[PDB]
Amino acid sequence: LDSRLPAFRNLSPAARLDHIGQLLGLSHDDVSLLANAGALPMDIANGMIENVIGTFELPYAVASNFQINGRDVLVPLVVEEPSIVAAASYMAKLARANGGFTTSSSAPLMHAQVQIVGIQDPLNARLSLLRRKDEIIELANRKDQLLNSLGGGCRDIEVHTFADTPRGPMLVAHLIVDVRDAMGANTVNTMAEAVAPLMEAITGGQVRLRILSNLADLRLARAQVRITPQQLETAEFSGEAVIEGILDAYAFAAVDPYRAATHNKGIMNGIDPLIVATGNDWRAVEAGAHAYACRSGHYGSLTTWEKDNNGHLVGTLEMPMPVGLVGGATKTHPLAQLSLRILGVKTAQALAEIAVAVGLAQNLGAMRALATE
């Protein structure tokens, strides 16, 4: 695949679609899903959420130029705000000259929290749970034998205590679960329910909340980009000056939460539209992103920007990225399925890696604009 698409921004929607269809070898019927309104039929919409009276459209666009680990990728995006798609495509174009985006990710690990109350000895109870961790993990896995056959499953437990809260002592167990190609909520919640009676028997306490954590800090996706001074030169500014300007902008975000919020918002401008396009839960991605940004006790920037030993601008984005190819609405929405086909992703972590690449590209575009104005 070649993702460049010259003159794409100036073609009509119909011509853009026909071009995409030809590039990907989409069927006439697949193309029909975008060529005509109503790809989400009312019986599907009515079964997705409650009190439905119709559907609501946002534009469906494709960003060009993206290249991930040497392979060109076309990126569908659904959003209402101008400039996002153009900035994504243009920054991807610059990235291409220097090898594109380089990405990696952790295993798709999610936390299931099991909150325990009603015991006077939470610190002791924690050791009781750890002593019997194998038994707990085995019980969790008995509950989802298919997942284990697919290469996922409960891998570990960790246990945290809050001995002094205004509501008394609490213990919180985390199941650490490989969820393969799911976002993971229903998967881990089910395991949390399954282990609850055993945890009560072990601790002598009362289980309260059984629920995933959206602070998915064991499910990280990583992206790198490199830009040379030559690429950033303007009529007004030399490329070296622009790079220094960008580093100044980054330092500003790193110290001032008023700037970091806006800086990170820019990243999410790139990410959320891909989440929507793939039928994924954007609230979950947002919560993981912003909570991770303040894990140090200070709300800072999700990206980093530096100058390497060669004087080149180098950027990173590492953040939680819980997304699915299966589960939720990723299967139910015919256009979510088409998006996955366009992307060509075969695992959820592959989708996660594309997400962070697009987030990094958007942040680069935002700061290049702010540093050159």
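We call the rigid core whatever largest set of C-alpha positions still superposes within 1.5 Å between the two forms. All residue numbers are counted from 1 along the displayed sequence.
For the pair 324 to 332 and 64 to 72, greater average C-alpha departure from the shown form in 8 other deposited structures of this protein after core alignment is found in 324 to 332. Higher mean CA temperature factor, per the PDB entry, when comparing 160 to 168 with 177 to 185: 160 to 168. According to the PDB record, 309 to 317 carries the higher mean C-alpha B-factor of the two stretches 47 to 55 and 309 to 317. The residue among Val242, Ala291, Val75, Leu123 whose C-alpha atom has the highest B-factor in the PDB entry is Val242. Among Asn269, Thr278, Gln145, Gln224, the highest C-alpha B-factor in the deposited entry belongs to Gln145. Among the modelled residues of the chain, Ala61 sits in the lowest third by CA temperature factor in this PDB entry.
In the deposited entry, the Cα temperature factor of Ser89 places it in the middle third of its chain's modelled residues. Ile136: CA B factor in the middle third of modelled residues in this chain (values from the PDB entry). In the PDB entry, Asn363 places in the middle third of its chain by CA B-factor. In the PDB entry, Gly297 places in the highest third of its chain by CA B-factor.
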